[PDB]
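Undergrad: Sending over a structure as structure tokens; questions will come in a sec.
Number of protein chains: 4
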Amino acid sequence: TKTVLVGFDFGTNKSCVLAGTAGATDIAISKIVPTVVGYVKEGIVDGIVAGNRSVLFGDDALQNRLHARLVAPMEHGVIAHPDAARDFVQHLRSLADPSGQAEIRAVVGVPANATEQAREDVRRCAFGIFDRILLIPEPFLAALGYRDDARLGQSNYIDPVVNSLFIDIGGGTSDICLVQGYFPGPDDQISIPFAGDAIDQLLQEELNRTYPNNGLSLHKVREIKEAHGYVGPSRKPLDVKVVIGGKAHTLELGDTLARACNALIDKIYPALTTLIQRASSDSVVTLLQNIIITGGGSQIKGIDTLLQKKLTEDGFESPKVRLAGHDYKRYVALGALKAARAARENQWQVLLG
Amino acid sequence: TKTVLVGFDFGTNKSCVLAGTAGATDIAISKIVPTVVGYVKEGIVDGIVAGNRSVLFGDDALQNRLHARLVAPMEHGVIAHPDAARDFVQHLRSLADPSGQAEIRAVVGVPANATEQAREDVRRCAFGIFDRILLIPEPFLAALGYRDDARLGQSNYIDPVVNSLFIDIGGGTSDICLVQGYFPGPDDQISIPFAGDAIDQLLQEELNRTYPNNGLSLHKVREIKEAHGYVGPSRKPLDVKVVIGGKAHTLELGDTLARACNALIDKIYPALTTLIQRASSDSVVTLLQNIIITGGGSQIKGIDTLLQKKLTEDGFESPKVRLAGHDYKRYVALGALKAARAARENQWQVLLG
Amino acid sequence: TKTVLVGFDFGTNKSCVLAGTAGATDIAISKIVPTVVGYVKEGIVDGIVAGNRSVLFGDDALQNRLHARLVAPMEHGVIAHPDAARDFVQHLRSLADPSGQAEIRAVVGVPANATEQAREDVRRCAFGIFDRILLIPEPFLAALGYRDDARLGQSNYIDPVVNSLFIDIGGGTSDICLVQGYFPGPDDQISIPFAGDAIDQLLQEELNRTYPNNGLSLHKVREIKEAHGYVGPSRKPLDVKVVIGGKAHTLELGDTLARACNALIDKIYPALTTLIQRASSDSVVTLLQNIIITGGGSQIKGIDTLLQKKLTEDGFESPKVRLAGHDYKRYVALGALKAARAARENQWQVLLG
Amino acid sequence: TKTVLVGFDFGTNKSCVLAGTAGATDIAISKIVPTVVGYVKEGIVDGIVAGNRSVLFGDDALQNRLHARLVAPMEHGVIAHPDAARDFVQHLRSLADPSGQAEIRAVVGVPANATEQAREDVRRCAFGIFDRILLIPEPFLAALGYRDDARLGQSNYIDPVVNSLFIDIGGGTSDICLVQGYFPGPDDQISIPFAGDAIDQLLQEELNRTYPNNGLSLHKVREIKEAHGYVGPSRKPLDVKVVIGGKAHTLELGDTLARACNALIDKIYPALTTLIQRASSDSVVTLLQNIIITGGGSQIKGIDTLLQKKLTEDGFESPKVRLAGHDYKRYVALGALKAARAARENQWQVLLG
Ligand SMILES: Nc1ncnc2c1ncn2[C@@H]1O[C@H](COP(=O)(O)OP(=O)(O)OP(=O)(O)O)[C@@H](O)[C@H]1O
Ligand SMILES: Nc1ncnc2c1ncn2[C@@H]1O[C@H](COP(=O)(O)OP(=O)(O)OP(=O)(O)O)[C@@H](O)[C@H]1O
Ligand SMILES: Nc1ncnc2c1ncn2[C@@H]1O[C@H](COP(=O)(O)OP(=O)(O)OP(=O)(O)O)[C@@H](O)[C@H]1O
Ligand SMILES: Nc1ncnc2c1ncn2[C@@H]1O[C@H](COP(=O)(O)OP(=O)(O)OP(=O)(O)O)[C@@H](O)[C@H]1O
Ligand SMILES: [Ca+2]
Ligand SMILES: [Ca+2]
Ligand SMILES: [Ca+2]
Ligand SMILES: [Ca+2]
């Protein structure tokens, strides 16, 4: 049979699976599936769900979220629902391996400091799916996939892995990591369970507190944040057109979005400065010049400017906070695929049980 | 009152206690008790442990390791847990003295270059237990106990004490010693804290790295090494039948045991050659012909052949590495008993305070 | 006053009270009273209930269930109706102490992982009834009462407490517990609120869904399950003679009972294997040989064979699932009485308030 | 500007701040604030807390512990909550400096062998508060503050610093120190994280084990120990009047307080005798005559007599265990102020960040 190395980014909001053979460098499969499993509701009529499938994954479960009970397999970057997570990894295996006969060797991205229970949860929802697994911190894989191997060696290209600080603000955890060329130790990374889902929850609370029984689902309170959420000083007026009870209302969520998204900064800044002061004095001056924000939370309006302003005001020697880029979804999966093709035979973990 | 001279081999894995009267040469008591103390767990049901004992020693603590919290009194050939060590020495005193009224004079075996703190640790967990103590290095006691006094003087018997090199590869330390007829000086012996427990730890790491959350206890990772561990070139395939999570699996640990046990050789060979080149040039040609491996580590499959091969390949004049024999457990205790019966009245150390 | 140690198995379906003096080993009082309180209905004619009692307990409330409103004090192994539970414990106190003057010291059996609120519920409906209380998990007490103290020490008697796995499938909870010689920790036991009452509810739903308005009470849907309920493959045809609307009908409930009782296996097997894989690898090979099912749910037709089959096909090393025996009702009460006579003076909890 | 030298005793139960100018010997500010920070709860009605303060410190937080969430900044003599500790040191700075404009130079008392992390926790919660810091072990500062400089030189006054052994039994740690005239080395002191809060925890466990759901807060289980706690043989009957569930009960806590308080002796005695045997033989005969107990734990009923009895029974040459005195709270702050006024310009540590 053939072996398929799979860079797997098991996220709280969206997972991304990449599949390629050994020796080569191209990417056979590259899918970005929202981490959600929809169990088609009991009593569903035939023809409502295309193919009468009883379990939907990703967008197929988000479009049919009216007919399906949605369950997010992952919460705070760790597996919260083992059965849904197993179903979802089983779906993504068929995605990364359409034939279903190849031996999958997956490097799955775990949070920065994932507890051994949170790692056995991933090694248990991957048994019988992935033949060999390898659990690497998510921000290190983000640094490894953001790195342009085609542009290495050049002088006009600064390596994001040689000396940088990666602030992978996902949708479950916000992992900061001191990526200093090698596999980061337990002290080179800090994971805060406050990210996109926490800002969604804060907006849900500040909406059910001022506009009670609004009925706005978390999937819409998330779109409000993705479209209008911002960090920094309040922006008023900021009219958000919502649908509350069938009727179209226009809420004023300037202060609401400001307080919801600035809590993320207030959470990740004490851990940003902690790792900045944990770095070696010889290398921190360039570490400040190479601070990179990845993950979905990098798309928050004005987060790099606010973080660089807060690091400059605190006296850090000329920080330069940078955004990862447009491909913030595949960075952890690209890094996990690069770490799969570079993993030694003795590095892969055997999944028995 | 009567005096009982006790040859005590306080080991990291097994301690062997011998007891005999003065003047005679027979051996009254001879016990080999695994150095372990199991404190019966809180809430134990009556009748689970025979006699409702709350502290179990040796095999009684290994058979009842499910109901008892086991603590190893000794780590790296030095007392690591003083309370468990004192409990264990108190048990072995009752073993060497069932009446409990005789004055015990014990020669305890310490590592090759045991620090004065590591020796006061043994003289402190023996106060009130042994009336007089005498601390002699463990490999010299192994040389003394391996020596056959019934076969001395004969021409067809080579004395292991007259001029030999003893590599007592224990379970905590691997002490190499130039046994040249007399009490070895501090430069005639080298102690490396790498032995059976270090190979057990290396196997535990190599198993939790490839077969994560295997749950194999150290007492089973140790039996794997005793049954299949080997030094030399890798032997594949070498199937080890284990029980991981209730289910019976068959792991492939050829390279694993190879890398685990060859680290012991890589550790003890720089100290083997150091003392071979420290010996007098007049006597080193005979030293190489009398290289003897004792301790549990002598039972590793193919360790004398590997060490003789490494010593011949390095150009040493015809080395002949030999195993101690089947009685590798009592050799330090036999030597300590022979050193107790030959100790002058001024050699015994008084334990006060 | 005299002290009476009372082993109390407060069950969801039946509670077993045992009473004995201190120091002795005989059992003075031993009653099995169905956990139910029948409050005699308003307007009851004199002479309908023997003695004109207004509150009936156990069988006296089951025979007079036409004249009394029955309330089950316990649901899911925890006290659900505090007033009925206090009345019922007050009745069982008079059962264990007919004189009503002795100081009762009761060891009540709680579920495996009973929350502190579920324990204060039992310590609150026992205040003024039991002078000292002691709450121990129900499966551990089943292990302690199944143990035959007359045959301890013998070689031909395997101890159910030294190392075993007890599946106390009651009528409210199904508690699995790693009984390994000592008081089980919070991780050695899992309690699932799915047992006899859950299968009763599943049968009630599957009967009100196919045979609507059948009028079969839960007390008859329960007898259907006790008489014909089975786990494993469906058995058709399986005719159950019932009385629906006064008329005698003969339903076909092969698939119905199959699906109702196999849900219990589907619920308790993920928690069975969880503790099988939680046990130490040194003792799991014996744990699988000593898997014991107690409680009412042990009487389900073919549950030990089915669970042994499911554990064998999953690769567990030669499991051997055994049934507790005929005396499955007194095992928790016998164990609580053995734990009362062996409880230290500082183990008894004082009930004030 | 003016400089204010501040002897700061940052305790687990009570922190004492002393402030004085340079050159003089009088004490400008002397406050004893219980180390607690009460964050006023959300939704507090105006007028409940005097001044509508949102953060209360010391007694102001203990009197309003019903309206405020109390957090102890310090646990085991080290800073456990950095934010509450920073607020608390900020309050104590305003206490030692009402004007808030003077340059504060604080000598803060750390435990005996405070780890460098536990010292950077104090230098980090003091940055921007104290301009210069100096961390000295707490028992040495207690020895320095117990010293009567007004009585030095006299013949009828034995100096507590020239040669003594201080058992500062605080509320977080119980530090024993060989105070032999100079700054004690790392081997002249032992810190045990078992003191007042550990006895409070032991009493809480022994009360929730015998009188379950008693609801007695730690602040009341602490007053029980302060009013009735004793070391030595059990004192029965010892009736303690408590309030359990609104109702006034009278518990018997003779054995309870005995076992709770004698654990402190059993913990601090192996470290007491360790330093007694670490002292020079020339000075140990005087050291035993000058054994002094300070800190809150010195107020335990019969602790000096019990420790002197235990030291005499062990054969130590005529020990004389003495209590510090009534002013056991300001001794560490008095010594820290005496060491601030005697600290050289190069001894002060600059706090930058
Ligand atoms: N433009 C935006 N503004 C604000 N938030 C956004 C934006 N785009 C995405 N997000 C948030 O980012 C989250 C997704 O994060 P991302 O996809 O970067 O990493 P992730 O895979 O979710 O991280 P993890 O692996 O920790 O789950 C979503 O929950 C979403 O709420
Ligand atoms: N056949 C074998 N193969 C490999 N290792 C073995 C074998 N037999 C014993 N050992 C190892 O030897 C170790 C101890 O045996 P031995 O009695 O020779 O040393 P020891 O006296 O316990 O050690 P020390 O003197 O350092 O305390 C054990 O930990 C065990 O792992
Ligand atoms: N032969 C049988 N077949 C199927 N179910 C049975 C049988 N006998 C009893 N049961 C069920 O077992 C339940 C009683 O369980 P048991 O008496 O073993 O413990 P319990 O007191 O219910 O414990 P708990 O209160 O923790 O549930 C009853 O509800 C009944 O439905
Ligand atoms: N009379 C008493 N009996 C018993 N314990 C007491 C008594 N008085 C005070 N305590 C205990 O002493 C503790 C306070 O110790 P003290 O004030 O002597 O030093 P501390 O500053 O708290 O110690 P640290 O500096 O280690 O925090 C309190 O927790 C209290 O429980
Ligand atoms: Ca991510
Ligand atoms: Ca040895
Ligand atoms: Ca039961
Ligand atoms: Ca103090």
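Sequence order for the protein chains is F, C, B and J.
First residue of the first sequence: 34, per PDB author numbering; consecutive thereafter.
First residue of the second sequence: 34, per PDB author numbering; consecutive thereafter.
First residue of the third sequence: 34, per PDB author numbering; consecutive thereafter.
First residue of the fourth sequence: 34, per PDB author numbering; consecutive thereafter.
Think of the CB as a built atom: it goes at the ideal place given N, C-alpha and C, for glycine as much as any other residue.
(1) Within 10 angstroms of its Cβ, does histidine 282 of chain F collect 16 or more other Cβ (buried), or is it exposed?
(2) Quick check on the burial criterion: 16 or more other C-beta atoms within 10 angstroms. Buried or exposed for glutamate 171 of chain C?
(3) Is the shortest distance between the beta-carbon of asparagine 246 of chain J and the beta-carbons of chain B less than 8 Å?
(4) Output the distance between the C-alpha atoms of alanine 304 of chain F and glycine 328 of chain F, rounded to the nearest integer angstrom.
(5) Taking the beta carbon of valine 254 of chain B as the centre, do at least 16 other beta carbons fall within 10 Å, making it buried, or is it exposed?
(6) Taking 8 Å as the cut-off, decide whether the C-beta atoms of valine 82 of chain J and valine 69 of chain J are in contact.
(7) Residue 394 of chain B bridges to which residues according to DSSP?
(8) By alpha-carbon positions, which one of J:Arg138, J:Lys342, J:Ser351 ends up nearest to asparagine 379 of chain J?
(9) Check whether the Cβ of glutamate 153 of chain F lies closer than 8 Å to any Cβ atom in chain C.
(10) Please specify which runs of the beta strand (DSSP E), each continuous and at least 3 residues long, are wholly inside the region 67-94 of chain B, giving them in chain order.
(11) Could you confirm whether any beta carbon from chain B is found closer than 8 Å to the beta carbon of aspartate 272 of chain C?
(12) Going by the C-beta, is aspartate 201 of chain F closer than 7 Å to any heavy atom of ligand 5?
(13) Report the neighbours of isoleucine 277 of chain J on chain B: residues whose CB is nearer than 8 Å to its CB, in chain order.
(14) May I ask you to list, following chain order, the residues of the region 210-222 of chain B that have a beta carbon less than 7 Å from some beta carbon of chain C?
(15) Should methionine 107 of chain C be listed as close to ligand 2, given that the test is whether its C-beta is under 7 Å from any heavy atom?
(16) Measure the Cβ-Cβ separation of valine 264 of chain J and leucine 297 of chain J and say whether it is below 8 Å.
(17) For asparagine 146 of chain B and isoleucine 225 of chain B, what's the separation of their Cα atoms in angstroms?
(18) Who does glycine 142 of chain B pair with in a DSSP beta bridge?
(19) Name the chain J residues whose beta carbon is nearer than 8 Å to that of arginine 119 of chain B?
(20) Counting pairs of Cβ atoms below 8 Å between the region 53-69 of chain J and the region 114-125 of chain J, do you hit three or more?
(21) As an exercise, report each continuous alpha helix (DSSP H) stretch of at least 4 residues that is fully enclosed by the region 94-120 of chain C, in chain order.
(22) Return yes when at least one heavy atom of ligand 6 lies under 7 Å from the C-beta of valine 365 of chain C, else no.
(23) Which of the three DSSP states is assigned to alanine 357 of chain F in this structure?
(24) What would DSSP say about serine 224 of chain F, mapped onto helix, strand or coil?
(25) Determine which residues of the region 293-315 of chain B have a Cβ less than 8 Å from any Cβ of chain C, and write them out in chain order.
(26) Answer yes or no: do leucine 284 of chain J and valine 276 of chain J have a C-beta to C-beta separation smaller than 8 Å?
(27) From the DSSP output, which residues share a beta bridge with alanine 281 of chain B?
(28) For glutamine 134 of chain B, which three-state DSSP category applies?
(29) In the DSSP output, which residue or residues are listed as bridge partners for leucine 198 of chain B?
(30) So which residues of chain F does residue 438 of chain C contact, with C-beta pairs closer than 9 Å?
(31) Could you tell me whether the Cβ of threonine 148 of chain J comes closer than 8 Å to any Cβ of chain B?
(32) Can you pull the chain C residues whose beta carbon is under 9 Å from the beta carbon of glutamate 350 of chain B, in chain order?
(33) For chain J, is any of its Cβ atoms less than 8 Å away from the one on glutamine 382 of chain B?
(34) Run the CB neighbour count on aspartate 130 of chain C, radius 10 Å, all protein chains shown included, and call it buried at 16 or more, exposed below.
(35) Taking CB distances under 8 Å as the criterion, tell me whether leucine 286 of chain B reaches chain C.
(36) Show which residues of chain C have a CB atom less than 7 Å away from the CB atom of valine 318 of chain B.
TA: Per the coordinate set shown:
(1) exposed
(2) buried
(3) yes
(4) 17 Å
(5) buried
(6) no
(7) Chain B is shown from 34 up to 386; residue 394 of chain B falls before or after that span and cannot be answered.
(8) J:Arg138
(9) yes
(10) 70-73, 88-90
(11) no
(12) yes
(13) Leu385, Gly386
(14) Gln213, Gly214, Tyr215, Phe216
(15) yes
(16) yes
(17) 9 Å
(18) B:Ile169
(19) The premise fails here: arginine 119 of chain B is roughly 17 Å from chain J at the closest Cβ pair, so nothing lies under 8 Å.
(20) yes
(21) none
(22) yes
(23) coil
(24) strand
(25) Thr306, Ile309, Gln310, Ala312, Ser313, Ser314, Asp315
(26) no
(27) B:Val276
(28) coil
(29) B:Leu211, B:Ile324
(30) Only positions 34 to 386 of chain C appear in the structure, and residue 438 of chain C is not among them; the question remains open.
(31) no
(32) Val276, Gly279, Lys280, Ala281
(33) yes
(34) buried
(35) no
(36) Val276
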